[PDB]
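# Architecture and fold: a report
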Amino acid sequence: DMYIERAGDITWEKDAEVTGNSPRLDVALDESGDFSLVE
Amino acid sequence: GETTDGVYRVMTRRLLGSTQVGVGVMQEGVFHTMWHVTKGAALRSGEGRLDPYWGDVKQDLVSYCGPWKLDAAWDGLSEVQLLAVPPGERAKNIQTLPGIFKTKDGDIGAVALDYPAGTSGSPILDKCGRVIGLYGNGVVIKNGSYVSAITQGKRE
Ligand SMILES: Cn1cc(C(F)(F)F)nc1[C@H]1CCCNC1
């Protein structure tokens, strides 16, 4: 039995930590909602 | 129960202690999460009950109390923010420039940020604070790193 608990407001925060790259990938999405790499 | 707009943790007491299985967004009276977080089960908010209203395993999304309300889209150029809500930790915003998932049915934005499985459902936002999608359905690439799609539903 699942329950929900508030964690915060949804707002853009100025001067947030900036990280992560931007890869361009060929992918496939199957009927089960699973993504896979196309090679 | 609490129907205030915002980001929420999805918890369960079925396992050891209280475990965070995911995250969701309450907007316009509707709770939005990823399908793999709840598997379509009913939710509790204090003393109230939230029933599933719409869901789709392939899109990996589900809405409660009403139809999917989130309609903003990534502009394809700007940085975005993942409002990550990790298990046992405070909500935090991470800014990033999304990559692209290229499919036979079109291109989707993607965020190359790795967080525990229980962070699934955390919202991805634009500079106006609008939810452009949810985090947590992705792939492991050649490097071994994790990349999530920016998953957005359709507002009827
Ligand atoms: C963020 N996330 C979501 C899920 C899944 F369970 F598949 F839904 N798995 C992850 C990450 C967890 C840390 C290692 N890399 C994958």
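Sequence order as written determines residue numbers, which begin from 1 on each chain and need not coincide with the entry numbering; residues that lack coordinates are not included. Working convention: letters from A go to chains and numbers from 1 go to ligands, in the order in which they are written. No hydrogens and no water enter the side-chain calculation; it runs on all heavy atoms of the structure.

For this deposition, the record names X-ray crystallography as the technique by which the model was determined and cites 1.484 Å as its resolution.

Helix and strand counts for chain B stand at 1 helix and 15 strands. For the radius of gyration, the atoms used are the C-alpha atoms, and the globule rule reads 2.2 Å times the number of residues raised to 0.38. Relative to the globule expectation of 15 Å for 156 residues, the C-alpha radius of gyration of chain B, 15 Å, shows essentially globular dimensions. By residue count, 53% of the 156 residues in chain B fall in the buried class. When checking whether two residues touch, look at their non-hydrogen atoms; a contact exists if any pair is within 4.5 Å. Counted over contacts in chain B with a minimum sequence separation of 6, partners at least 24 positions apart contribute 51%. Carbon and sulfur atoms provide 49% of the accessible area of chain B, an area that totals close to 7,100 Å². In chain B, 17 positive and 16 negative side-chain charges are present, and the distance between their average locations comes to 5 Å. Comment: elements are numbered from the N terminus, with helices defined as DSSP H or I runs of at least four residues and strands as E runs of at least two. Type-normalised accessible area, obtained with a 1.4 Å probe on protein chains alone, sets the label of each residue: buried when under 20%, exposed when over 50%, and partly exposed for intermediate values. Here the open area of atoms and residues is found with the Shrake-Rupley method and a 1.4 Å probe, where only the protein chains shown may cover a residue. Positive: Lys, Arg. Negative: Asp, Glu. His and the chain ends are not part of the count. To locate a charge, the coordinates of NZ of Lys, CZ of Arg, CG of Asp or CD of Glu are taken.

All names here are of chain B. Pairing of aromatic side chains here covers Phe, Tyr and the six-membered ring of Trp, requires ring centres within 6.5 Å, and sorts the geometry by plane angle: under 30 degrees stacked, over 60 edge-to-face, intermediate tilted. Taken as a whole and judged by the stated rule, the model has 6 aromatic pairs over all chains. Seen from their ring centres, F31 and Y64 are 6.4 Å apart, and the 55 degrees between their planes marks the pair as tilted. Taken together, the positions of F31 in strand β3 (residues 30-33) and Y64 in strand β7 (residues 61-64) put the pair 33 residues apart, joining distant regions of the chain. Overall, the relative accessible area of 0% leaves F31 in the buried class. These aromatic residues form a ring-pair network of at least three members: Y8, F31 and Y64.

What follows deals with the site of the ligand. All names here are of chain B. Taken together, the neighbourhood of the ligand is formed by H36, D114, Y115, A117, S120, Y135, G136 and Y146. The side chain of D114 places a nitrogen or oxygen atom 3.2 Å from a nitrogen atom of the ligand. Starting from 390 Å² of accessible surface for the ligand in isolation, the protein chains cover 61%. Each residue receives one of three labels: charged for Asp, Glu, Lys and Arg, nonpolar for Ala, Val, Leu, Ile, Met, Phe, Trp, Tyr, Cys and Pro, and polar for the others, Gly being one of them. A class-by-class count of the residues in the shell around the ligand yields 4 nonpolar, 3 polar and 1 charged. If a single non-hydrogen atom of a residue is within 4 Å of a molecule or strand, that residue counts as near it. Distance and chemistry together define a polar contact, namely a pair of N or O atoms within 3.5 Å, with one atom able to donate a hydrogen and the other to accept it when in protein, and with adjacent residues in sequence counting only for side-chain atoms on both sides.

Residue and element names in this part refer to chain B. Two strands form a pair only when DSSP identifies at least two bridges running between them. Bridge analysis of strand β12 (residues 123-125) against strand β13 (residues 131-134) gives 3 bridges, and the strand direction is antiparallel. Bridging across to β13, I124 finds its partner in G133. Hairpin remark: β12 followed by β13, antiparallel, with 5 residues in the connecting loop; positive phi at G129, about 80 degrees.

Moving on, we get to the interface of chain B and chain A. How large an interface is tends to be reported as the accessible area lost when its parts come together. On the chain A side, the residues contacting the 59 residues of chain B number 34 residues. For the pair chain B and chain A, the summed buried surface comes to about 4,100 Å²; carbon and sulfur atoms form 60% of the total. When the buried area of chain B at its contact with chain A is split by residue, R44, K58 and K102 of chain B rank highest and sum to 15% of it. In terms of residue count, strand β1 (residues 6-12) of chain B provides more of the side of chain B that touches chain A than any other element does, 7 residues in total. Buried area is understood as the total, over both parts, of accessible area removed when two parts are fitted together, assessed with a 1.4 Å probe.

A separate point is the pattern of salt bridges. If charged atoms from side chains of opposite charge come close, those side chains can pair. Residues and elements named next belong to chain B. The salt bridge criterion pairs a side-chain nitrogen of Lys or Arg with a carboxyl oxygen of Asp or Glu, the two atoms within 4 Å. Per the stated rule, a full pass over the model turns up 7 salt bridges over all chains. A salt bridge links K104 to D105, with the shortest nitrogen-to-oxygen separation between them at 3.4 Å. In this structure, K104 and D105 share a single accessibility class: exposed.

Residue and element names in this part refer to chain B. Segmentation into domains, and thus their bounds, comes from an automatic or database assignment. Under the domain assignment used here, chain B contains domain 1 (6-64) and domain 2 (80-149). Of note, the centres of domain 1 and domain 2, computed from C-alpha atoms alone, are 18 Å apart. Of the residues lining the interface, 15 residues belong to domain 1; the matching set on domain 2 comes to 20 residues. Around 1,100 Å² of area is buried between domain 1 and domain 2 when both sides are counted, 64% of it from carbon and sulfur atoms. Considering only the surface of domain 1 that becomes buried against domain 2, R9, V23 and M34 emerge as the three largest contributors, covering 39% of it. Counting every contact that joins domain 1 to domain 2 gives 7 residue pairs in polar contact. At the level of elements, β1, β2 (19-27), β3 and α1 (35-38) are the ones that each hand at least two residues to the side of domain 1 that touches domain 2. Of the residues forming the side of domain 1 that touches domain 2, the biggest block, 6 residues, is contributed by β2. Partitioned by chemical class, the residues of the side of domain 1 that touches domain 2 number 7 nonpolar, 6 polar and 2 charged.

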